[PDB]
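Below is one structure, written out as structure tokens; comments come after it.
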Amino acid sequence: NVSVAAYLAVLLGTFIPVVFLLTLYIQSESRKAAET
Amino acid sequence: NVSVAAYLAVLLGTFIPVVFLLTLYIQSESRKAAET
Amino acid sequence: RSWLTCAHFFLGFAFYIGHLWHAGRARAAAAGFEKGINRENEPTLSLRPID
Amino acid sequence: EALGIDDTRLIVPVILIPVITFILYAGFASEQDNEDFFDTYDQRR
Amino acid sequence: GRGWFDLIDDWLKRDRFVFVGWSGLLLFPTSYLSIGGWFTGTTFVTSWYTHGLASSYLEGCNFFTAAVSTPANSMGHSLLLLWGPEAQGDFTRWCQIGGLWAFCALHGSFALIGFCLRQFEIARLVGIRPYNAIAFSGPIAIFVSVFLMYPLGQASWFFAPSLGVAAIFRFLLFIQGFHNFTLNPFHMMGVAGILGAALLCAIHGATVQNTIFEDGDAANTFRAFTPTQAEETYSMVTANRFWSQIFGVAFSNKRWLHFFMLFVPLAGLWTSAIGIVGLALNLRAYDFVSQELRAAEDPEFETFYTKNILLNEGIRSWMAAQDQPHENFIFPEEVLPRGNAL
Amino acid sequence: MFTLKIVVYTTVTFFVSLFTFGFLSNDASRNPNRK
Amino acid sequence: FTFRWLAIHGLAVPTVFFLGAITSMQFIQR
Amino acid sequence: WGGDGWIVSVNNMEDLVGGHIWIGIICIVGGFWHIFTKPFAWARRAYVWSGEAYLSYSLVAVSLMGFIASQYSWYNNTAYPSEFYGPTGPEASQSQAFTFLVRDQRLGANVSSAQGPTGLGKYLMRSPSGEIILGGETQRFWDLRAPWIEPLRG
Amino acid sequence: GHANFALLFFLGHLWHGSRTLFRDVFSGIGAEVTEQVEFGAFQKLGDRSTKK
Amino acid sequence: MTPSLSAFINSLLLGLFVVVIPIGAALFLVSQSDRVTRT
Amino acid sequence: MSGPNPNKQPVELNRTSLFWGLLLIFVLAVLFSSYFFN
Amino acid sequence: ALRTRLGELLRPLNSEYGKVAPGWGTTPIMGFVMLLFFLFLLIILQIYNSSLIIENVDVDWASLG
Amino acid sequence: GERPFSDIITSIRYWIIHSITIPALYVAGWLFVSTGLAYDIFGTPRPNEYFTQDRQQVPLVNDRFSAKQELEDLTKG
Amino acid sequence: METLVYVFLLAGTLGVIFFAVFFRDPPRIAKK
Amino acid sequence: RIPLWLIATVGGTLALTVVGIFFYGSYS
Amino acid sequence: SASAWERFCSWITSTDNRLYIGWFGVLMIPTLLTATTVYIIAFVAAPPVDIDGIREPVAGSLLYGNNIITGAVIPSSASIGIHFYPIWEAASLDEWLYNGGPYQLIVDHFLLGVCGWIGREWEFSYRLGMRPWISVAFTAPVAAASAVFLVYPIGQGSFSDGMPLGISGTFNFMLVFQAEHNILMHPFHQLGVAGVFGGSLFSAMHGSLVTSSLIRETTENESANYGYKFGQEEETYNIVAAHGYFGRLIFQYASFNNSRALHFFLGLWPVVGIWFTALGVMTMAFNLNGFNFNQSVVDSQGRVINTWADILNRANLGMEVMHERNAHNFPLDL
Ligand SMILES: C=Cc1c(C)c2cc3nc(c4c5[nH]c(cc6nc(cc1[nH]2)C(C)=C6CC)c(C)c5C(=O)[C@@H]4C(=O)OC)[C@@H](CCC(=O)OC/C=C(\C)CCC[C@H](C)CCC[C@H](C)CCCC(C)C)[C@@H]3C
Ligand SMILES: CC1=CCCC(C)(C)[C@H]1/C=C/C(C)=C/C=C/C(C)=C/C=C/C=C(C)/C=C/C=C(C)/C=C/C1=C(C)CCCC1(C)C
Ligand SMILES: CC1=CCCC(C)(C)[C@H]1/C=C/C(C)=C/C=C/C(C)=C/C=C/C=C(C)/C=C/C=C(C)/C=C/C1=C(C)CCCC1(C)C
């Protein structure tokens with residue numbers, strides 16, 4: 001039916017760049033908040 | 001043999017708290033860097 | 001044989017422990033810091049930080 | 001079998017390397033004072 | 001003048017040799033009865049009608065083999081009150097059915113509650129933070145899980161640990177054989193916590209005793225310390241340098257060091273309690289399914305885990321006949337697993 | 001197998017020689033209370 | 001007469017009773 | 001290690017007495033050497049000269065001696081004869097295997113062709129070096145030398 | 001699941017009761033503790049008015 | 001009234017009059033007798 | 001009103017805590033991977 | 001602090017923070033009710049434990065019929 | 001306050017009442033064991049009472065609410 | 001294929017150890 | 001009145017005597 | 001100006017290296033790195049090992065069907081015994097892998113490395129001007145590792161009886177040891193269990209007493225750990241407060257007034273406990289087993305009345321008759 005280990009591909013390829021963007025945004029927001 | 005979808009369990013349960021800790025550390029370091 | 005072997009293995013290990021204790025204390029008493037670190041001149045405080 | 005040596009070629013490094021280390025150590029020791037002291041250890045280096 | 005409650009509160013919180021407090025009313029009688037019942041059981045009370053065992057000094061047992069044995073399996077999870085429907089007020093029959101174990105277990109549960117309340121009360125009166133009661137929650141978790149929640153999930157009180165030494169060893173080997181508790185990862189975390197707590201205790205003691213300041217001229221350095229002094233008695237900088245260049249990492253914060261010493265054994269005990277609670281319902285890490293499948297498909301495939309499984313089978317089969325006498329297990333010599341048998 | 005044996009013998013002799021002649025090199029003087 | 005007296009005597013009278021009982025049990029012919 | 005045993009494997013009294021002659025000669029010569037000499041410069045730099053240091057040196061020496069004597073008592077049957085100290089673990093296991101071998105060779109059982117549960121020798125098997133040794137779990141103790149078995153050993 | 005959750009919530013209850021009854025010493029203790037911890041200094045433990 | 005219920009009621013009464021009443025009464029008497037000087 | 005909440009507090013995590021958390025999560029994964037897989 | 005209709009409706013229901021009854025108040029009757037609750041819990045626990053057998057109360061799966 | 005140890009150990013009454021009471025407790029325990037009273041009180045079998053003539057097996061109690069009657073049947077004679 | 005996951009987890013743990021040793025926060029004394 | 005070291009010595013000897021009788025009863 | 005050897009000795013004994021090397025480290029670093037390398041590669045990919053010597057290999061590596069828990073570096077063959085088995089003493093490399101040579105390599109290098117670690121702890125205690133008895137504390141785990149890796153093989157005559165380098169192998173070692181020696185009834189193992197339980201108890205007790213009496217130096221919006229500054233002169237917690245709390249908890253001299261004596265006790269209890277349990281394993285290597293109380297209670301006739309020791313004996317018999325299948329051809333296990 002549906003090939004396995006594609007769940008890993010879809011979920012990791014969704015998570016890792018999302019993780020990267022969330023980390024960047026939180027880092028930038030905290031740097032702005034500390035600038036004040 | 002080895003049950004599938006346990007790869008998802010192991011890898012996501014490894015990544016997500018690691019992601020949380022890395023985000024916390026980077027956020028704290030950038031707040032310290034903008035405090036200066 | 002079991003009694004002799006076990007007793008003398010016990011005593012050999014115990015006297016290795018004694019050797020380590022007394023060799024360490026002999027070195028520390030010869031160098032002169034067997035009673036503790038001198039507060040006025042602490043050797044670590046005069047070293048560069050390691051990291 | 002002394003020191004586990006079954007081939008005579010094994011004796012060459014086992015004897016040779018300590019000789020070179022002793023040569024370096026002997027240079028170090030010839031740099032020293034080498035007279036008797038009355039103390040628990042020698043503070044001269 | 002004052003009310004009666006205020007006078008009782010003043011007398012209970014008196015600064016005497018043995019502090020009583022409000023927690024003392026629960027602690028002292030319950031702990032006294034627990035210890036007294038344990039001595040009475042290990043001294044006089046038999047186990048002949050519950051386990052078919054001798055577990056008292058009256059029967060000829062020593063300190064290792066004497067125990068306050070668990071009740072009979074037929075009792076179920078009865079509270080086994082002296083006035084209860086099993087004993088019906090007969091102290092002799094109450095001792096013969098194992099009711100003294102229930103006496104000790106319930107009084108010890110409430111005595112642990114009382115001692116934790118005592119820690120809370122003394123910490124509140126003295127004025128310090130109550131981290132000692134949080135630390136003692138660990139042993140409370142151990143006792144609750146093992147001596148109450150494990151038997152309450154099993155058939156009866158019979159399979160709870162019996163209050164002895166060889167009885168506790170029997171419990172260890174019984175749980176290993178019927179549960180493979182060494183393979184349980186929560187027990188692995190508990191072992192890690194206990195051994196790391198011993199490691200921390202030894203290493204902190206050695207580090208403090210070996211980084212002290214020279215505060216006296218005497219070679220024995222114990223007298224060179226006063227409790228009311230303001231300065232530290234040992235060098236944290238020297239210790240940090242030593243462990244940074246010996247081990248790679250070292251403590252630099254004393255408070256974090258001591259909270260870690262507090263945390264490691266507590267976490268170990270709580271995780272092992274989770275493991276025992278899991279065992280209470282036979283929800284176990286007994287087997288790895290793929291290893292068993294590969295061993296069934298390939299007779300030449302063998303790991304140490306399969307050998308452990310065979311040893312557990314040996315424990316169960318050679319132990320159940322005399323360990324659970326109420327079941328009347330009659331195992332012939334041919335059904336008993338033997339290494340030479342295959 | 002002889003080449004591996006002689007390499008291992010050389011390495012063990014080298015490190016043991018360093019150990020031995022390092023502890024002979026006035027190791028007790030190498031303390032912060034010297035001089 | 002104090003609470004310490006009672007705390008000691010709780011752990012003393014049965015302690016002596018049990019020690020005597022155990023010393024008596026040491027001489028039972030097994 | 002196994003099969004060699006360092007100085008625990010002294011198997012005759014001639015070596016024992018001769019090396020005790022050697023030890024006596026060496027000790028007397030070294031004693032006069034130390035009576036008439038003072039430590040050299042390398043020894044003066046190397047060691048700590050205090051009573052506790054000498055005590056520690058003696059402690060490590062006598063600890064090594066304790067280990068060596070424990071192994072003497074466990075393995076050696078020449079300086080510790082089994083008529084007095086009793087058999088060693090290897091000696092007891094090989095005695096059991098050898099007595100079963102004798103009882104089966106005398107009472108009708110071909111021991112050299114009796115296949116074991118794993119295809120190996122049940123009574124007599126082949127050593128990792130190729131010798132004829134006693135089979136079973138006593139194959140680990142094939143280095144045993146005993147006066148009651150050496151006449152029967154080719 | 002619920003036996004383990006109840007066991008863990010027992011620890012949680014202990015922690016939050018401790019943080020409730022000890023709110024004033026959350027960040028540590030002061031210099032007013034040294035007089036109370038002397039053995040026999042006060043008749044009632046922790047009460048400054050019961051000094052001997 | 002079963003024997004178990006009668007035993008339960010008797011257990012409550014015995015617990016009261018053997019544990020709670022004597023301990024509480026002694027606590028009350030000693031607290032009223034040995035007071036604390038708050039001067 | 002919709003604006004500065006007075007209860008806003010910064011959140012910190014020093015490098016020691018980061019390394020402890022990484023070690024904890026990786027060791028837990030090492031421990032429980034064998035049991036999740038079987 | 002903005003004022004709403006629901007906020008003004010519920011304001012009297014949250015308006016007495018820190019208001020206490022002087023002295024011991026209703027503590028004795030509270031303790032009496034707690035004692036009754038303790039007895040009730042003990043009764044039902046001993047019923048469920050079969051340490052307390054009551055007429056026409058069969059603690060059994062078979063009582064479902 | 002507290003009672004010091006010297007006042008405890010130098011009291012004349014403290015020694016005479018102990019000398020008249022504590023050996024009495026010791027002998028009381030000795031006679032509690034030696035007269036067979038402990039076996040009867042706690043139900044511990046005598047060395048000749050583990051097995052009877054009719055029962056040569058382990059006396060297991062197999063019912064909860066009739067345990068007293070079963071114990072009386074097993075321990076009779 | 002789970003062997004790869006085991007090796008990855010072990011190597012990640014060792015990398016965490018390496019970074020905790022060599023890239024640690026350098027301890028310094030404060031000017032309090 | 002009596003020095004404490006004599007009391008400690010007598011108590012230690014009596015404790016060792018209790019240990020000895022318990023061990024003798026274990027062996028008999 | 002100095003000689004090359006003097007500069008080499010100054011670099012080796014330097015306190016400026018991130019990790020101190022020292023002369024004991026000269027022996028320690030290569031041995032520990034060799035053991036680590038061989039252990040990693042043999043745990044990942046090593047062929048099965050005939051541990052019992054009966055030509056029935058046991059798989060221990062990840063590539064041959066093991067997880068982290070069941071994986072182990074199998075001990076060497078019983079055919080080898082305690083014969084020295086390096087790579088060059090085997091006919092081929094695969095013969096060395098078949099007979100468990102990696103176990104001997106790892107064990108020897110690891111024991112040398114931990115002895116070097118003891119010496120290196122002493123050495124950097126000496127270079128820093130501190131008291132050198134942390135190595136005495138570390139001798140206890142080294143003693144236990146030696147007892148389970150070298151002494152027990154020496155006592156039993158085979159390196160196959162050492163503890164396997166794994167987890168399930170460790171459990172198998174424990175079970176077989178209990179079956180053959182009854183370690184639970186051995187008083188030295190009981191002292192070791194008391195040592196670890198008391199070490200946990202005292203670690204938790206000391207940590208809770210220090211954390212309970214921390215001196216207020218922080219605000220409510222930060223961790224309490226920042227009240228202590230690295231290198232400060234004053235004490236960060238009230239020792240008198242903790243002493244008073246613990247004196248009122250049990251009795252007024254159940255506590256240690258002296259912090260130095262308290263920390264000596266902390267370092268003393270578990271070190272002595274582990275010393276005693278390691279020596280107990282060392283003595284049971286030569287078959288001086290634990291207490292045997294089997295059939296200690298008989299009735300008037302003489303029928304055996306079982307005790308808890310007899311049920312423990314039944315469990316030990318269950319483990320005994322199942323361990324090392326088809327390796328026993330004789331009734332007794334001598
Ligand atoms: C075998 C292990 C073990 C024992 C025996 C033990 C014992 C003790 N721990 C105490 C404290 C502590 N334990 C702590 C942490 C730990 N304790 C641990 C493990 C143990 N702790 C571990 C692993 C930790 C790490 C978390 C802390 C933090 C404390 C304390 O604050 C306290 C102390 O002061 O330390 C010195 C002492 C006083 C508390 C108490 O219960 O007395 C009161 C008596 C009671 C409650 C009666 C107990 C009744 C028991 C439960 C049932 C009956 C048992 C029989 C009487 C005996 C059974 C015989 C056996 C052989 C089976 C007590 C001696
Ligand atoms: C259970 C029950 C029945 C009905 C009444 C009641 C409801 C109240 C309830 C409780 C009854 C009670 C409280 C009974 C009290 C029993 C008590 C306190 C028994 C105590 C006995 C004390 C004993 C042996 C002493 C043992 C000490 C020994 C050997 C010494 C050991 C030694 C130590 C410590 C170090 C090594 C050397 C040495 C000398 C061996
Ligand atoms: C043959 C045999 C059968 C049975 C009986 C019999 C006695 C005859 C037996 C033996 C006979 C003989 C001749 C035995 C001889 C044994 C000998 C020579 C033992 C000598 C061992 C030497 C040892 C430890 C040396 C220890 C010194 C060391 C590490 C180094 C010390 C120092 C230096 C020099 C280097 C740096 C480190 C330091 C500490 C500064």
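Letters A, B, ... mark the chains of the structure tokens in the order given; residue numbers begin at 1 per chain; ligand numbers begin at 1, in order shown.
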Please superimpose chain A upon chain B, fitting all C-alpha atoms matched one to one in order, and report the result as a PDB file with C-alpha atoms, in the first residue's frame.
```
ATOM      1  CA  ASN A   1      10.600  -8.128  13.271  1.00  0.00           C
ATOM      2  CA  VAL A   2      10.861  -4.554  14.578  1.00  0.00           C
ATOM      3  CA  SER A   3       7.597  -2.632  14.835  1.00  0.00           C
ATOM      4  CA  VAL A   4       7.344   0.403  12.552  1.00  0.00           C
ATOM      5  CA  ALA A   5       6.116   3.847  13.710  1.00  0.00           C
ATOM      6  CA  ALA A   6       8.499   3.418  16.640  1.00  0.00           C
ATOM      7  CA  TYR A   7      11.076   5.219  14.515  1.00  0.00           C
ATOM      8  CA  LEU A   8       8.679   8.165  14.592  1.00  0.00           C
ATOM      9  CA  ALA A   9       8.281   7.826  18.357  1.00  0.00           C
ATOM     10  CA  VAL A  10      12.020   7.674  19.055  1.00  0.00           C
ATOM     11  CA  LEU A  11      13.012  10.438  16.642  1.00  0.00           C
ATOM     12  CA  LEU A  12      10.205  12.872  17.520  1.00  0.00           C
ATOM     13  CA  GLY A  13      10.606  12.313  21.259  1.00  0.00           C
ATOM     14  CA  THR A  14      14.312  12.947  20.826  1.00  0.00           C
ATOM     15  CA  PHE A  15      13.889  16.016  18.620  1.00  0.00           C
ATOM     16  CA  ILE A  16      11.032  17.999  20.175  1.00  0.00           C
ATOM     17  CA  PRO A  17      12.469  18.509  23.700  1.00  0.00           C
ATOM     18  CA  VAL A  18      15.911  19.039  22.148  1.00  0.00           C
ATOM     19  CA  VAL A  19      14.313  21.668  19.907  1.00  0.00           C
ATOM     20  CA  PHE A  20      12.718  23.271  22.962  1.00  0.00           C
ATOM     21  CA  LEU A  21      16.019  23.391  24.860  1.00  0.00           C
ATOM     22  CA  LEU A  22      17.981  24.742  21.888  1.00  0.00           C
ATOM     23  CA  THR A  23      15.379  27.453  21.329  1.00  0.00           C
ATOM     24  CA  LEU A  24      15.465  28.404  25.009  1.00  0.00           C
ATOM     25  CA  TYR A  25      19.259  28.596  25.046  1.00  0.00           C
ATOM     26  CA  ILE A  26      19.494  30.656  21.854  1.00  0.00           C
ATOM     27  CA  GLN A  27      16.753  32.999  23.071  1.00  0.00           C
ATOM     28  CA  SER A  28      18.509  33.491  26.412  1.00  0.00           C
ATOM     29  CA  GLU A  29      21.896  34.059  24.776  1.00  0.00           C
ATOM     30  CA  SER A  30      20.485  36.638  22.375  1.00  0.00           C
ATOM     31  CA  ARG A  31      18.702  38.434  25.205  1.00  0.00           C
ATOM     32  CA  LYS A  32      21.998  38.542  27.111  1.00  0.00           C
ATOM     33  CA  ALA A  33      23.801  39.812  24.007  1.00  0.00           C
ATOM     34  CA  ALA A  34      21.204  42.546  23.531  1.00  0.00           C
ATOM     35  CA  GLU A  35      21.481  43.499  27.207  1.00  0.00           C
ATOM     36  CA  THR A  36      25.099  44.497  26.541  1.00  0.00           C
TER      37      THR A  36
END
```
Neighbourhood of ligand 2 at 9 Å, counting only C-alpha atoms and all ligand atoms, reported as number ranges by chain
E: 29, 32-41, 43, 63, 91, 100, 103-104; G: 10-22; O: 12, 14-19, 22
Go ahead and write the residues just picked, C-alpha atoms, as a PDB file, in the first residue's frame.
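After the write, result-v4.pdb holds the following:
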```pdb
ATOM      1  CA  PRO E  29       2.164   5.582  68.145  1.00  0.00           C
ATOM      2  CA  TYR E  32       6.066   2.476  67.695  1.00  0.00           C
ATOM      3  CA  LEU E  33       3.429  -0.079  66.720  1.00  0.00           C
ATOM      4  CA  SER E  34       5.149  -0.782  63.394  1.00  0.00           C
ATOM      5  CA  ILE E  35       8.508  -1.494  65.028  1.00  0.00           C
ATOM      6  CA  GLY E  36       6.909  -3.419  67.888  1.00  0.00           C
ATOM      7  CA  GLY E  37       4.824  -5.517  65.524  1.00  0.00           C
ATOM      8  CA  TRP E  38       7.859  -6.270  63.390  1.00  0.00           C
ATOM      9  CA  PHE E  39       9.803  -7.436  66.442  1.00  0.00           C
ATOM     10  CA  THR E  40       6.803  -9.456  67.639  1.00  0.00           C
ATOM     11  CA  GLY E  41       6.399 -11.118  64.246  1.00  0.00           C
ATOM     12  CA  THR E  43      10.261 -13.128  67.432  1.00  0.00           C
ATOM     13  CA  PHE E  63      18.141 -12.560  61.980  1.00  0.00           C
ATOM     14  CA  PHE E  91      -5.488 -12.689  68.379  1.00  0.00           C
ATOM     15  CA  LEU E 100       0.434  -8.850  61.756  1.00  0.00           C
ATOM     16  CA  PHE E 103      -0.788  -4.309  61.048  1.00  0.00           C
ATOM     17  CA  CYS E 104       2.825  -3.389  60.315  1.00  0.00           C
TER      18      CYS E 104
ATOM     19  CA  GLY G  10       7.997   2.343  75.578  1.00  0.00           C
ATOM     20  CA  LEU G  11      11.227   1.046  74.030  1.00  0.00           C
ATOM     21  CA  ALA G  12      12.675  -0.460  77.230  1.00  0.00           C
ATOM     22  CA  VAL G  13      10.192  -2.776  78.982  1.00  0.00           C
ATOM     23  CA  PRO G  14       9.328  -4.802  75.840  1.00  0.00           C
ATOM     24  CA  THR G  15      12.997  -4.647  74.843  1.00  0.00           C
ATOM     25  CA  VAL G  16      14.024  -6.407  78.062  1.00  0.00           C
ATOM     26  CA  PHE G  17      11.071  -8.784  77.747  1.00  0.00           C
ATOM     27  CA  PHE G  18      12.097  -9.720  74.196  1.00  0.00           C
ATOM     28  CA  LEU G  19      15.780 -10.048  75.113  1.00  0.00           C
ATOM     29  CA  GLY G  20      14.850 -12.436  77.909  1.00  0.00           C
ATOM     30  CA  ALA G  21      12.568 -14.341  75.542  1.00  0.00           C
ATOM     31  CA  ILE G  22      15.330 -14.683  72.940  1.00  0.00           C
TER      32      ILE G  22
ATOM     33  CA  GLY O  12      31.068  -3.680  75.701  1.00  0.00           C
ATOM     34  CA  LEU O  14      28.337  -7.665  78.112  1.00  0.00           C
ATOM     35  CA  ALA O  15      27.344  -6.828  74.525  1.00  0.00           C
ATOM     36  CA  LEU O  16      30.034  -9.173  73.211  1.00  0.00           C
ATOM     37  CA  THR O  17      28.787 -11.817  75.664  1.00  0.00           C
ATOM     38  CA  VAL O  18      25.271 -11.440  74.237  1.00  0.00           C
ATOM     39  CA  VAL O  19      26.750 -11.769  70.742  1.00  0.00           C
ATOM     40  CA  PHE O  22      23.584 -15.774  70.241  1.00  0.00           C
TER      41      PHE O  22
END
```
Compute the set of protein, DNA and RNA residues whose minimum atom distance to ligand 3 is at most 10 Å, using only C-alpha atoms and all ligand atoms, and state it as number ranges by chain.
F: 16-28; H: 6-26, 42-48, 57, 60-61, 64-65, 72, 78-79; P: 23
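Neighbours of ligand 1 at a cut-off of 6 Å, computed so that only C-alpha atoms and all ligand atoms are counted, are the residues residues 31, 34, 35, 38, 104, 105, 108, 111, 112, 115, 132, 135, 136, 138, 139, 163, 164, 165, 265 and 266 of chain E; 197, 200, 201, 204 and 205 of chain P.
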Output N, CA and C atoms for every residue in the selection just made, as a CSV table (one decimal), in the first residue's frame.
```csv
chain,number,residue,atom,x,y,z
E,31,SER,N,4.6,4.6,64.4
E,31,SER,CA,5.9,4.0,64.2
E,31,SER,C,6.2,3.1,65.4
E,34,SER,N,4.5,-0.1,64.5
E,34,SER,CA,5.1,-0.8,63.4
E,34,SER,C,6.4,-1.5,63.8
E,35,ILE,N,7.3,-0.8,64.6
E,35,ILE,CA,8.5,-1.5,65.0
E,35,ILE,C,8.2,-2.6,66.0
E,38,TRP,N,6.8,-5.6,64.1
E,38,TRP,CA,7.9,-6.3,63.4
E,38,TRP,C,8.7,-7.1,64.3
E,104,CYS,N,1.6,-4.1,60.5
E,104,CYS,CA,2.8,-3.4,60.3
E,104,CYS,C,2.8,-2.5,59.1
E,105,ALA,N,2.1,-3.0,58.0
E,105,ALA,CA,2.1,-2.2,56.8
E,105,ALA,C,1.3,-1.0,56.9
E,108,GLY,N,2.9,1.4,59.3
E,108,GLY,CA,4.1,2.0,58.7
E,108,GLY,C,3.8,3.0,57.6
E,111,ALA,N,2.9,5.9,59.6
E,111,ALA,CA,4.1,6.4,60.3
E,111,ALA,C,5.0,7.2,59.3
E,112,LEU,N,5.1,6.8,58.1
E,112,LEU,CA,5.8,7.5,57.1
E,112,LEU,C,5.1,8.9,56.8
E,115,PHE,N,6.0,11.0,59.7
E,115,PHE,CA,7.4,11.5,59.7
E,115,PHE,C,7.6,12.6,58.6
E,132,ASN,N,13.6,18.7,52.7
E,132,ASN,CA,13.8,17.4,53.3
E,132,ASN,C,12.6,16.5,53.2
E,135,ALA,N,12.5,15.4,49.7
E,135,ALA,CA,13.4,14.3,49.6
E,135,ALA,C,12.8,13.0,50.1
E,136,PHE,N,12.1,13.1,51.3
E,136,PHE,CA,11.6,11.9,51.9
E,136,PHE,C,10.3,11.4,51.2
E,138,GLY,N,10.5,10.4,48.3
E,138,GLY,CA,11.1,9.3,47.6
E,138,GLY,C,10.9,7.9,48.3
E,139,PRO,N,11.4,7.8,49.5
E,139,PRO,CA,11.1,6.5,50.2
E,139,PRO,C,9.6,6.3,50.5
E,163,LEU,N,8.4,-8.8,55.6
E,163,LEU,CA,9.3,-7.9,56.4
E,163,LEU,C,10.4,-8.8,57.0
E,164,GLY,N,11.4,-9.1,56.2
E,164,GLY,CA,12.5,-9.8,56.7
E,164,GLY,C,13.8,-9.5,55.8
E,165,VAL,N,14.7,-10.3,55.9
E,165,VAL,CA,16.0,-10.2,55.1
E,165,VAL,C,16.0,-11.2,53.9
E,265,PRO,N,19.0,10.8,43.7
E,265,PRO,CA,18.3,9.7,44.3
E,265,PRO,C,16.8,9.8,44.3
E,266,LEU,N,16.3,11.0,44.5
E,266,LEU,CA,14.9,11.2,44.4
E,266,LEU,C,14.3,10.8,43.1
P,197,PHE,N,22.7,2.2,49.5
P,197,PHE,CA,21.5,2.8,50.0
P,197,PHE,C,21.8,3.9,51.0
P,200,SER,N,22.9,6.9,48.9
P,200,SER,CA,21.7,7.7,48.4
P,200,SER,C,21.0,8.4,49.5
P,201,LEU,N,20.9,7.8,50.7
P,201,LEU,CA,20.2,8.4,51.8
P,201,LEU,C,21.0,9.7,52.3
P,204,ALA,N,20.9,12.5,49.5
P,204,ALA,CA,19.7,13.2,49.6
P,204,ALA,C,19.6,14.0,50.9
P,205,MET,N,20.0,13.5,52.0
P,205,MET,CA,19.9,14.2,53.2
P,205,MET,C,20.8,15.5,53.2
```
Selection: 12 Å around range 20-34 of chain J, only C-alpha atoms, excl. self and same-chain fewer than 2 positions, as a PyMOL selection string:
(chain E and resi 1-14+20-22+24-26+28-29) or (chain G and resi 1-3) or (chain I and resi 43-44) or (chain J and resi 12-18+36-37) or (chain M and resi 1)
Just list the residues in chain A DSSP gives helix (DSSP H, G or I) on the backbone, as number ranges by chain.
A: 6-35
Set the distance at 12 Å and use only C-alpha atoms: which residues neighbour residue 31 in chain K once local chain neighbours fewer than 5 positions away are removed? I'd like the list as an mmCIF file with C-alpha atoms, in the first residue's frame.
```cif
data_model
loop_
_atom_site.group_PDB
_atom_site.id
_atom_site.type_symbol
_atom_site.label_atom_id
_atom_site.label_comp_id
_atom_site.auth_asym_id
_atom_site.auth_seq_id
_atom_site.Cartn_x
_atom_site.Cartn_y
_atom_site.Cartn_z
ATOM 1 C CA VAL B 10 12.038 7.674 19.020
ATOM 2 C CA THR B 14 14.320 12.928 20.801
ATOM 3 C CA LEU E 183 15.043 -5.462 31.904
ATOM 4 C CA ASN E 184 12.523 -2.812 32.978
ATOM 5 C CA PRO E 185 13.845 0.634 31.952
ATOM 6 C CA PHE E 186 12.272 2.388 34.944
ATOM 7 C CA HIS E 187 14.205 0.042 37.210
ATOM 8 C CA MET E 188 17.260 0.905 35.119
ATOM 9 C CA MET E 189 16.655 4.584 35.876
ATOM 10 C CA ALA E 192 21.197 4.765 37.801
ATOM 11 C CA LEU K 23 22.217 14.712 27.864
ATOM 12 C CA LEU K 24 18.936 13.804 29.563
ATOM 13 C CA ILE K 25 16.951 13.633 26.326
ATOM 14 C CA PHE K 26 19.620 11.707 24.418
ATOM 15 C CA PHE K 36 9.784 1.291 21.605
ATOM 16 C CA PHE K 37 11.229 -0.786 18.756
ATOM 17 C CA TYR N 6 20.888 3.172 17.852
ATOM 18 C CA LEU N 9 21.523 8.126 19.319
ATOM 19 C CA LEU N 10 24.828 6.914 20.777
ATOM 20 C CA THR N 13 25.065 11.422 23.156
ATOM 21 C CA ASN P 67 19.507 -3.492 20.570
ATOM 22 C CA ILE P 68 21.215 -1.274 23.146
ATOM 23 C CA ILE P 69 19.853 -3.388 25.999
ATOM 24 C CA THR P 70 20.679 -6.839 24.622
ATOM 25 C CA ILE P 167 23.410 -4.641 29.963
#
```
